[PDB]
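The data below hold one chain only, encoded as C-alpha cells and taken in the form deposited in one PDB entry.
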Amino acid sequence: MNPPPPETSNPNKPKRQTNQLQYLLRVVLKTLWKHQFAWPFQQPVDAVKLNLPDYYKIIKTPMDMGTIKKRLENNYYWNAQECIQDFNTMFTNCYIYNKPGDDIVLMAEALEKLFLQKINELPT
C-alpha cells in the first residue's frame, strides 16, 4: 500500500545550485525541522506503519521534508521556486487528506506560517 518514495535524484533532470536554494536548506528547512510540530512531516507517510491504508489512494503527489532535504542536498532543484512548490504540496496534501481542525492540520498550519515567514525574504 506504499508506493516508492519520491525521487531524490534523476539523471535526466538538470541540477543547479543558487544562493536561494542554499538558504532554503541551511535556514528554512533546518529551522522548520526543529519545530515541535515537524515530526509528522520528516519522512514519507508509511501507510502500513501509520494504519492509513487509503493515504496513497487519496494523495497522488506525496511530499515530505525528508525528501525535500535530500533533494536540496543533491542539488536536484533548478531553482528556489521549485523547492517552495514541494513545501506547498506537502502542506496542501495534509489539508486534503485530513479535515479542518484536526490536530495534524493544526500542526501543518503552524509550520506553514513559519515557512512563509522565512521565505518572505530570500538572499539575492
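Residues that one form lacks are left out of the comparison. We number the residues from 1 along the sequence you see. Rigid core: the largest C-alpha set superposing within 1.5 Å between the two forms.
Another form exists, deposited in another entry; not displayed. Remarks below refer to it.
After superposition on the rigid core, the Cα of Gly101 moves by less than 2 Å between the shown form and the other one. Core-superposed comparison between the shown form and the other one: CA of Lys13 displaced by 2 Å or more. In sequence order, there is one run of three or more residues whose C-alphas all shift by 2 angstroms or more between the shown form and the other one, with the rigid core superposed, and it is 10-17.
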